[PDB]
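*Asks:* So that you have it, the file is start.pdb, and it contains PDB, C-alpha atoms and all ligand atoms:
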```pdb
ATOM      1  CA  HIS B   1      14.638   7.675 -17.994
ATOM      2  CA  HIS B   2      11.347   6.808 -16.177
ATOM      3  CA  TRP B   3      10.818   7.076 -12.395
ATOM      4  CA  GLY B   4      11.900   4.350 -10.010
ATOM      5  CA  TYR B   5      13.716   3.856  -6.704
ATOM      6  CA  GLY B   6      17.419   4.199  -7.787
ATOM      7  CA  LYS B   7      20.052   6.960  -7.159
ATOM      8  CA  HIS B   8      19.211   8.665 -10.499
ATOM      9  CA  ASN B   9      15.375   8.167 -10.702
ATOM     10  CA  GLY B  10      14.242   7.597  -7.066
ATOM     11  CA  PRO B  11      11.991   9.660  -4.783
ATOM     12  CA  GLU B  12      14.284  12.774  -4.546
ATOM     13  CA  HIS B  13      13.903  13.057  -8.396
ATOM     14  CA  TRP B  14      10.114  12.570  -8.733
ATOM     15  CA  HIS B  15       9.202  16.305  -8.317
ATOM     16  CA  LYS B  16      10.760  17.074 -11.756
ATOM     17  CA  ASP B  17       8.104  14.999 -13.645
ATOM     18  CA  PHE B  18       5.444  15.213 -10.811
ATOM     19  CA  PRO B  19       5.683  18.607  -9.111
ATOM     20  CA  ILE B  20       2.839  17.599  -6.682
ATOM     21  CA  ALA B  21       5.689  15.605  -5.004
ATOM     22  CA  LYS B  22       6.319  18.813  -2.882
ATOM     23  CA  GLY B  23       2.531  19.315  -2.285
ATOM     24  CA  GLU B  24       0.563  19.964   0.922
ATOM     25  CA  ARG B  25      -0.850  16.402   1.494
ATOM     26  CA  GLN B  26       1.890  13.928   0.383
ATOM     27  CA  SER B  27       2.317  10.369   1.715
ATOM     28  CA  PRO B  28       3.713   8.513   3.478
ATOM     29  CA  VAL B  29       4.319  10.275   6.823
ATOM     30  CA  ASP B  30       5.797   9.512  10.223
ATOM     31  CA  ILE B  31       3.016   8.697  12.699
ATOM     32  CA  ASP B  32       3.900  10.403  15.979
ATOM     33  CA  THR B  33       1.806   8.262  18.387
ATOM     34  CA  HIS B  34       1.898  10.882  21.170
ATOM     35  CA  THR B  35       0.588  13.724  18.847
ATOM     36  CA  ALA B  36      -2.132  11.594  17.087
ATOM     37  CA  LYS B  37      -5.428  12.605  18.729
ATOM     38  CA  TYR B  38      -7.913   9.930  19.807
ATOM     39  CA  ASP B  39     -11.162  10.785  17.951
ATOM     40  CA  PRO B  40     -14.165   9.145  19.694
ATOM     41  CA  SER B  41     -16.351  10.175  16.648
ATOM     42  CA  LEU B  42     -14.377   7.727  14.369
ATOM     43  CA  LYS B  43     -16.330   4.506  13.630
ATOM     44  CA  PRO B  44     -14.975   0.978  13.630
ATOM     45  CA  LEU B  45     -13.540   0.103  10.174
ATOM     46  CA  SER B  46     -15.851  -2.188   8.092
ATOM     47  CA  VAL B  47     -13.741  -4.580   5.973
ATOM     48  CA  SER B  48     -16.155  -6.785   3.948
ATOM     49  CA  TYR B  49     -13.885  -9.130   1.863
ATOM     50  CA  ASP B  50     -16.068 -12.377   2.034
ATOM     51  CA  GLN B  51     -16.919 -12.047  -1.752
ATOM     52  CA  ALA B  52     -13.476 -10.711  -2.962
ATOM     53  CA  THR B  53     -12.611 -12.035  -6.501
ATOM     54  CA  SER B  54      -8.872 -11.912  -7.284
ATOM     55  CA  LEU B  55      -8.066 -12.328 -10.967
ATOM     56  CA  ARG B  56      -4.380 -11.796 -11.563
ATOM     57  CA  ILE B  57      -0.948 -10.949 -10.183
ATOM     58  CA  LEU B  58       1.384  -8.603 -12.049
ATOM     59  CA  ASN B  59       5.038  -7.420 -11.870
ATOM     60  CA  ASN B  60       4.798  -3.752 -12.999
ATOM     61  CA  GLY B  61       8.568  -3.031 -12.569
ATOM     62  CA  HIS B  62       7.990  -1.256  -9.160
ATOM     63  CA  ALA B  63       6.089  -3.893  -7.100
ATOM     64  CA  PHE B  64       3.744  -6.863  -7.676
ATOM     65  CA  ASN B  65       0.019  -6.104  -7.788
ATOM     66  CA  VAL B  66      -2.765  -8.599  -6.863
ATOM     67  CA  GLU B  67      -5.759  -7.366  -8.928
ATOM     68  CA  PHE B  68      -9.438  -7.836  -8.127
ATOM     69  CA  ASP B  69     -12.628  -7.794 -10.193
ATOM     70  CA  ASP B  70     -14.129  -4.441  -9.069
ATOM     71  CA  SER B  71     -17.063  -4.714 -11.628
ATOM     72  CA  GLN B  72     -19.498  -5.427  -8.715
ATOM     73  CA  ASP B  73     -19.948  -4.308  -5.089
ATOM     74  CA  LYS B  74     -18.105  -7.283  -3.518
ATOM     75  CA  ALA B  75     -14.902  -6.469  -1.558
ATOM     76  CA  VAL B  76     -15.676  -3.088   0.137
ATOM     77  CA  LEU B  77     -14.190  -0.858   2.817
ATOM     78  CA  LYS B  78     -16.534   1.523   4.649
ATOM     79  CA  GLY B  79     -17.033   3.149   8.072
ATOM     80  CA  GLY B  80     -13.915   4.191   9.967
ATOM     81  CA  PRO B  81     -13.295   7.787   8.770
ATOM     82  CA  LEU B  82     -15.008   7.180   5.373
ATOM     83  CA  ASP B  83     -18.319   8.484   3.938
ATOM     84  CA  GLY B  84     -19.848   5.896   1.561
ATOM     85  CA  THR B  85     -18.299   2.754   0.078
ATOM     86  CA  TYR B  86     -14.905   2.067  -1.424
ATOM     87  CA  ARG B  87     -14.283  -0.946  -3.651
ATOM     88  CA  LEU B  88     -11.039  -3.033  -3.496
ATOM     89  CA  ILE B  89      -9.104  -2.882  -6.831
ATOM     90  CA  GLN B  90      -5.645  -4.178  -5.921
ATOM     91  CA  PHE B  91      -3.096  -4.768  -3.201
ATOM     92  CA  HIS B  92       0.689  -4.531  -3.244
ATOM     93  CA  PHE B  93       3.615  -4.284  -0.851
ATOM     94  CA  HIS B  94       6.682  -2.074  -0.254
ATOM     95  CA  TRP B  95       9.777  -3.765   1.240
ATOM     96  CA  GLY B  96      13.443  -3.332   2.055
ATOM     97  CA  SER B  97      16.773  -4.906   1.149
ATOM     98  CA  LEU B  98      17.097  -5.736   4.918
ATOM     99  CA  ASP B  99      14.499  -6.313   7.693
ATOM    100  CA  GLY B 100      15.340  -2.856   9.251
ATOM    101  CA  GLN B 101      13.630  -0.911   6.449
ATOM    102  CA  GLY B 102      10.874  -1.251   3.847
ATOM    103  CA  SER B 103       7.740   0.404   5.297
ATOM    104  CA  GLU B 104       6.580   3.757   3.862
ATOM    105  CA  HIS B 105       4.721   4.949   7.000
ATOM    106  CA  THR B 106       6.829   4.965  10.153
ATOM    107  CA  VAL B 107       5.624   4.871  13.790
ATOM    108  CA  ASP B 108       7.668   7.167  16.119
ATOM    109  CA  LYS B 109      10.356   6.889  13.316
ATOM    110  CA  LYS B 110      10.252   3.046  13.501
ATOM    111  CA  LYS B 111      10.575   1.387  10.031
ATOM    112  CA  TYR B 112       8.898  -2.035   9.554
ATOM    113  CA  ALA B 113      10.303  -4.717   7.171
ATOM    114  CA  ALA B 114       7.427  -4.082   4.734
ATOM    115  CA  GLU B 115       3.989  -2.472   4.285
ATOM    116  CA  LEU B 116       0.875  -3.910   2.578
ATOM    117  CA  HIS B 117      -1.439  -1.403   0.755
ATOM    118  CA  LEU B 118      -5.047  -2.500  -0.046
ATOM    119  CA  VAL B 119      -6.265   0.135  -2.532
ATOM    120  CA  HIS B 120      -9.997   0.977  -2.770
ATOM    121  CA  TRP B 121     -11.868   3.551  -4.855
ATOM    122  CA  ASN B 122     -14.985   5.575  -3.931
ATOM    123  CA  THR B 123     -18.018   4.111  -5.761
ATOM    124  CA  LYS B 124     -19.550   7.610  -6.049
ATOM    125  CA  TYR B 125     -16.962   8.320  -8.856
ATOM    126  CA  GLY B 126     -17.775   5.202 -10.880
ATOM    127  CA  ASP B 127     -14.226   3.976 -11.617
ATOM    128  CA  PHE B 128     -10.632   4.155 -10.389
ATOM    129  CA  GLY B 129      -9.414   6.595 -13.062
ATOM    130  CA  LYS B 130     -12.086   9.176 -12.142
ATOM    131  CA  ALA B 131     -11.714   8.613  -8.369
ATOM    132  CA  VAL B 132      -7.962   9.523  -8.364
ATOM    133  CA  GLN B 133      -8.991  13.043  -9.592
ATOM    134  CA  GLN B 134     -10.986  13.640  -6.314
ATOM    135  CA  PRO B 135      -9.726  14.532  -2.821
ATOM    136  CA  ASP B 136     -11.855  11.663  -1.349
ATOM    137  CA  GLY B 137     -11.407   9.262  -4.342
ATOM    138  CA  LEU B 138      -9.304   6.476  -2.661
ATOM    139  CA  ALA B 139      -9.057   4.705   0.685
ATOM    140  CA  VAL B 140      -5.790   2.828   1.199
ATOM    141  CA  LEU B 141      -5.596   0.362   4.096
ATOM    142  CA  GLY B 142      -1.962   0.141   5.219
ATOM    143  CA  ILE B 143      -0.734  -2.850   7.252
ATOM    144  CA  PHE B 144       2.836  -3.190   8.616
ATOM    145  CA  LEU B 145       4.845  -6.399   8.269
ATOM    146  CA  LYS B 146       7.449  -7.516  10.840
ATOM    147  CA  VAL B 147       9.620 -10.635  10.485
ATOM    148  CA  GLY B 148       8.828 -13.492  12.860
ATOM    149  CA  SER B 149       6.214 -16.255  12.429
ATOM    150  CA  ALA B 150       5.042 -17.081   8.866
ATOM    151  CA  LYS B 151       1.719 -15.623   7.704
ATOM    152  CA  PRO B 152      -0.008 -18.698   6.270
ATOM    153  CA  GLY B 153      -2.456 -16.448   4.304
ATOM    154  CA  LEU B 154       0.510 -14.898   2.426
ATOM    155  CA  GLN B 155       2.064 -18.179   1.208
ATOM    156  CA  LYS B 156      -0.125 -18.465  -1.984
ATOM    157  CA  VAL B 157       1.251 -15.009  -2.989
ATOM    158  CA  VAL B 158       4.902 -15.957  -2.182
ATOM    159  CA  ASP B 159       4.591 -19.238  -4.148
ATOM    160  CA  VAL B 160       3.519 -17.474  -7.469
ATOM    161  CA  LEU B 161       6.380 -14.833  -7.448
ATOM    162  CA  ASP B 162       8.784 -17.235  -9.310
ATOM    163  CA  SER B 163       6.341 -16.950 -12.310
ATOM    164  CA  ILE B 164       6.465 -13.056 -12.386
ATOM    165  CA  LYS B 165      10.160 -12.427 -11.650
ATOM    166  CA  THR B 166      10.535  -9.596 -14.247
ATOM    167  CA  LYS B 167       8.715  -6.388 -15.197
ATOM    168  CA  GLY B 168       5.657  -7.017 -17.445
ATOM    169  CA  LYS B 169       5.093 -10.651 -16.330
ATOM    170  CA  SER B 170       1.572 -11.626 -15.067
ATOM    171  CA  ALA B 171      -0.106 -14.859 -13.851
ATOM    172  CA  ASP B 172      -3.718 -15.985 -13.275
ATOM    173  CA  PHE B 173      -4.299 -15.535  -9.500
ATOM    174  CA  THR B 174      -7.895 -16.521  -8.708
ATOM    175  CA  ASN B 175      -9.603 -17.389  -5.403
ATOM    176  CA  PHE B 176      -7.048 -15.489  -3.245
ATOM    177  CA  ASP B 177      -8.701 -14.391   0.042
ATOM    178  CA  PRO B 178      -7.246 -11.085   1.358
ATOM    179  CA  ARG B 179      -8.846 -11.719   4.847
ATOM    180  CA  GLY B 180      -5.750 -13.923   5.465
ATOM    181  CA  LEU B 181      -3.488 -10.822   5.356
ATOM    182  CA  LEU B 182      -5.329  -8.913   8.194
ATOM    183  CA  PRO B 183      -4.147  -8.621  11.797
ATOM    184  CA  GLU B 184      -6.555  -9.345  14.724
ATOM    185  CA  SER B 185      -7.214  -5.677  15.655
ATOM    186  CA  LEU B 186      -8.643  -3.042  13.278
ATOM    187  CA  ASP B 187      -7.420  -0.141  15.567
ATOM    188  CA  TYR B 188      -6.072   2.486  13.087
ATOM    189  CA  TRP B 189      -4.577   5.911  12.485
ATOM    190  CA  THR B 190      -6.060   8.039   9.694
ATOM    191  CA  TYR B 191      -4.945  11.173   7.765
ATOM    192  CA  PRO B 192      -5.517  12.754   4.335
ATOM    193  CA  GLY B 193      -2.681  12.131   1.855
ATOM    194  CA  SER B 194      -1.586  10.861  -1.556
ATOM    195  CA  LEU B 195      -0.491   7.980  -3.732
ATOM    196  CA  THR B 196       3.082   7.129  -2.677
ATOM    197  CA  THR B 197       4.221   6.565  -6.298
ATOM    198  CA  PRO B 198       3.850   8.784  -9.322
ATOM    199  CA  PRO B 199       1.548  10.351 -10.201
ATOM    200  CA  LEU B 200       1.459  11.168  -6.418
ATOM    201  CA  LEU B 201      -2.197  12.385  -6.650
ATOM    202  CA  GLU B 202      -3.631  13.894  -3.432
ATOM    203  CA  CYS B 203      -6.713  11.624  -3.505
ATOM    204  CA  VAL B 204      -6.177   9.208  -0.543
ATOM    205  CA  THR B 205      -7.800   8.756   2.865
ATOM    206  CA  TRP B 206      -5.028   6.724   4.583
ATOM    207  CA  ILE B 207      -6.107   4.166   7.181
ATOM    208  CA  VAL B 208      -3.001   2.593   8.812
ATOM    209  CA  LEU B 209      -3.574  -0.316  11.211
ATOM    210  CA  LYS B 210      -1.670  -0.151  14.500
ATOM    211  CA  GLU B 211      -1.183  -3.967  14.721
ATOM    212  CA  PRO B 212       1.439  -5.410  12.344
ATOM    213  CA  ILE B 213       1.231  -8.865  10.783
ATOM    214  CA  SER B 214       4.187 -11.229  11.176
ATOM    215  CA  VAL B 215       5.722 -12.828   8.100
ATOM    216  CA  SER B 216       8.674 -15.263   8.046
ATOM    217  CA  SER B 217      12.202 -14.390   6.946
ATOM    218  CA  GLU B 218      11.670 -16.988   4.106
ATOM    219  CA  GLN B 219       8.490 -15.152   2.941
ATOM    220  CA  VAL B 220      10.164 -11.720   2.720
ATOM    221  CA  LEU B 221      13.342 -13.249   1.149
ATOM    222  CA  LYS B 222      11.099 -14.435  -1.756
ATOM    223  CA  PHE B 223       9.835 -10.810  -2.224
ATOM    224  CA  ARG B 224      13.528  -9.773  -2.513
ATOM    225  CA  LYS B 225      14.162 -12.277  -5.402
ATOM    226  CA  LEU B 226      11.859 -10.275  -7.727
ATOM    227  CA  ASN B 227      13.388  -7.988 -10.403
ATOM    228  CA  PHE B 228      12.688  -4.320 -11.328
ATOM    229  CA  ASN B 229      14.159  -5.020 -14.830
ATOM    230  CA  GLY B 230      12.399  -6.902 -17.711
ATOM    231  CA  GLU B 231      13.298 -10.477 -18.923
ATOM    232  CA  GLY B 232      16.678 -10.308 -20.734
ATOM    233  CA  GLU B 233      17.876  -7.086 -19.022
ATOM    234  CA  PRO B 234      20.639  -6.575 -16.404
ATOM    235  CA  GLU B 235      19.367  -7.968 -13.028
ATOM    236  CA  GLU B 236      18.299  -5.249 -10.506
ATOM    237  CA  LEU B 237      16.703  -6.855  -7.438
ATOM    238  CA  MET B 238      13.276  -5.424  -6.524
ATOM    239  CA  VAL B 239      14.187  -4.115  -3.036
ATOM    240  CA  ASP B 240      13.784  -0.723  -1.277
ATOM    241  CA  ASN B 241      10.650   0.141  -3.317
ATOM    242  CA  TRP B 242       9.472   2.529  -0.528
ATOM    243  CA  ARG B 243       9.068   6.303  -0.533
ATOM    244  CA  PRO B 244      10.422   7.919   2.684
ATOM    245  CA  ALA B 245       8.254   9.928   5.136
ATOM    246  CA  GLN B 246       7.135  13.331   3.711
ATOM    247  CA  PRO B 247       6.342  16.534   5.642
ATOM    248  CA  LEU B 248       3.056  16.426   7.607
ATOM    249  CA  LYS B 249       2.484  20.187   6.948
ATOM    250  CA  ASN B 250      -1.046  21.339   7.907
ATOM    251  CA  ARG B 251      -2.410  17.835   8.797
ATOM    252  CA  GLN B 252      -3.785  15.992  11.858
ATOM    253  CA  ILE B 253      -3.330  12.226  12.320
ATOM    254  CA  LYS B 254      -6.393  10.853  14.195
ATOM    255  CA  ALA B 255      -6.383   7.585  16.263
ATOM    256  CA  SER B 256      -9.434   5.253  16.419
ATOM    257  CA  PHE B 257      -8.198   3.977  19.839
ATOM    258  CA  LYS B 258      -7.248   5.306  23.328
TER     259      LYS B 258
HETATM  260  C1  LIG B 301      -3.117   1.347  -7.174
HETATM  261  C2  LIG B 301      -1.677   1.346  -7.660
HETATM  262  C3  LIG B 301      -1.140   0.032  -8.356
HETATM  263  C4  LIG B 301      -2.221  -0.531  -9.400
HETATM  264  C5  LIG B 301      -2.253   0.601 -10.494
HETATM  265  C6  LIG B 301      -2.055   1.999 -10.015
HETATM  266  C7  LIG B 301      -1.581   2.325  -8.711
HETATM  267  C8  LIG B 301      -1.261   3.658  -8.381
HETATM  268  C9  LIG B 301      -0.162   3.692  -7.258
HETATM  269  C10 LIG B 301      -0.642   3.004  -6.017
HETATM  270  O1  LIG B 301       0.461   2.932  -4.991
HETATM  271  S1  LIG B 301       0.128   3.432  -3.512
HETATM  272  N1  LIG B 301       1.473   3.128  -2.758
HETATM  273  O2  LIG B 301      -0.108   4.924  -3.433
HETATM  274  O3  LIG B 301      -1.048   2.644  -2.919
HETATM  275  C11 LIG B 301      -0.890   1.596  -6.343
HETATM  276  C12 LIG B 301      -1.999   2.970 -11.091
HETATM  277  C13 LIG B 301      -3.083   2.734 -12.177
HETATM  278  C14 LIG B 301      -3.094   1.288 -12.603
HETATM  279  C15 LIG B 301      -4.051   0.865 -13.723
HETATM  280  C16 LIG B 301      -3.961  -0.537 -13.535
HETATM  281  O4  LIG B 301      -4.210  -1.387 -14.440
HETATM  282  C17 LIG B 301      -3.538  -0.903 -12.222
HETATM  283  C18 LIG B 301      -3.484   0.443 -11.468
HETATM  284  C19 LIG B 301      -4.892   0.748 -10.846
HETATM  285 ZN    ZN B 302       1.728   1.335  -1.904
END
```
Using structure tokens, write down the structure from this file.
*Replies:*
Amino acid sequence: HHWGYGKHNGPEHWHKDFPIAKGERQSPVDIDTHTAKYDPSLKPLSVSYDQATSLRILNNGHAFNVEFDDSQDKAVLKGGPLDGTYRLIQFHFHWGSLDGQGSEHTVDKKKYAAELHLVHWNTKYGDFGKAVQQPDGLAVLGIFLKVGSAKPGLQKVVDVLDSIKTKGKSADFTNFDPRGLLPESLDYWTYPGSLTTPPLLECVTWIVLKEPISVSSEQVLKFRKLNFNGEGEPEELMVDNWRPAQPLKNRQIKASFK
């Protein structure tokens, strides 16, 4: 009876195995655009993905993960609100059963069809497992998806999903360029928070881009054909793999833009 997104093991249940679920800096949150303070001291985000080396894509029974070789200082996030350099280790998405839901962060209570997370770890802690034990261990870049025009840079991802339909399936996924998933503007909101899945560790500097990317209805329909279950188990579509907004508590959301 492991965690998931269903009636009996979904987010309202997680606190039993992961009591930090009711903690002081949980994610995601609603971004109230009128209350977010413009912070002129915030730097432009530095997204250096020219040398990114993807290796593999994986269905872990909750999402699909595109994994990167983080053995060298290649694909790095720095600047913005961050001190030092954070290395890209994987990206994944959260999405809905319908276009009206699927994002984890909300903007003035607006839900997007999906949300892309690019997960980076702080090089001062040497690896991902040690970083998640530190309050400044991770930087997650969050990008909203809306349904409209296709995102050509997403299609290589959509086309491999047939090969990883069920939990535990993986595929070689080399030479994928995550620059093709970025919107034009790097204007962002930032706040201190957590992983949005168990173990829900309070180790994340969230950086959420204001500008969504557009993906086609056909692209997001192929996300919704994935399965939470393993090969040869009853079919449960992988949809609504999002945690709802959590209480902001004693936190300030800062805006990089006026
Ligand atoms: C980074 C992710 C997915 C890749 C995965 C882990 C998480 C932890 C939860 C994060 O979700 S969220 N929504 O908070 O960004 C995403 C847990 C540890 C795994 C070990 C491994 O082989 C792959 C790793 C790193
Ligand atoms: Zn995520």
*Asks:* Interatomic distance between atom CA of residue 25 of chain B and atom CA of residue 190 of chain B?
*Replies:*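 Between atom CA of residue 25 of chain B and atom CA of residue 190 of chain B the gap works out to 12.8 Å.
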*Asks:* Residues within 7 Å of ligand ZN 302 (chain B) should be enumerated using only C-alpha atoms and all ligand atoms and returned as a list in words.
*Replies:*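 Residues satisfying the distance criterion: residues 92, 93, 94, 116, 117 and 196 of chain B.
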*Asks:* Once you count only C-alpha atoms, which residues end up no further than 9 Å from (1.3, -14.0, -12.5) in the file's frame, shown as a count of residues only?
*Replies:* 16
*Asks:* Could you list the residues chosen by the PyMOL selection byres (((chain B and resi 185) around 8) and not hetatm) in this structure as number ranges by chain?
*Replies:* B: 183-184, 186-187, 209-211
*Asks:* Enumerate residues in contact with ligand LIG 301 (chain B): an atom-to-atom distance of at most 7 Å, counting all atoms listed in the file. Format the result as a PyMOL selection string.
*Replies:* chain B and resi 65+89-90+117+119+128+140+194-198
*Asks:* Quick one: of B:86, B:191, B:95, B:3, who's nearest to residue 221 of chain B, counting only C-alpha atoms?
*Replies:*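 Checking each candidate against residue 221 of chain B, we get B:95 as the closest.
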*Asks:* Determine, for each residue of segment 4-25 of chain B having at least one atom at most 12 Å from an atom of segment 235-239 of chain B, the closest pair of atoms and their separation in Å to one decimal, counting all atoms listed in the file; order by chain and ascending number, as CSV.
*Replies:*
```
residue,atom,partner,partner_atom,distance
B:4,CA,B:238,CA,10.5
B:5,CA,B:239,CA,8.8
B:6,CA,B:236,CA,9.9
```
*Asks:* May I have the residues within 8 Å of segment 96-103 of chain B as JSON, numbers by chain, using all atoms listed in the file and disregarding those fewer than 5 positions away in the same chain?
*Replies:* {"B": [111, 112, 113, 114, 115, 144, 145, 146, 147, 224, 239, 240, 241, 242]}
*Asks:* With only C-alpha atoms as the basis for distance, which of B:48, B:134, B:54, B:205 is at the shortest distance from residue 75 of chain B?
*Replies:*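 The closest residue to residue 75 of chain B is B:48.
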*Asks:* Using atom CA of residue 68 of chain B and atom CA of residue 51 of chain B as the two end points, give the distance in Å to one decimal.
*Replies:* 10.7 Å
*Asks:* Using all atoms listed in the file, collect all residues at a distance of at most 9 Å from (-8.3, -10.3, -0.3) as written in the file, then present them as a ChimeraX atom specification.
*Replies:* /B:49-54,66,68,75,88,90-91,118,175-181
*Asks:* Excluding segment 7-24 of chain B and residues on its chain fewer than 5 positions from it, collect all residues at most 7 Å away from it, counting only C-alpha atoms, and give them as a count of residues only.
*Replies:* 6
*Asks:* Find the residue from B:247, B:189, B:124, B:60 that sits nearest to residue 73 of chain B; use only C-alpha atoms when measuring.
*Replies:* B:124
*Asks:* Quick one: pull the distance between atom CA of residue 193 of chain B and atom CA of residue 61 of chain B, Å, one decimal.
*Replies:*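 Here the two named atoms are 23.8 Å from each other.
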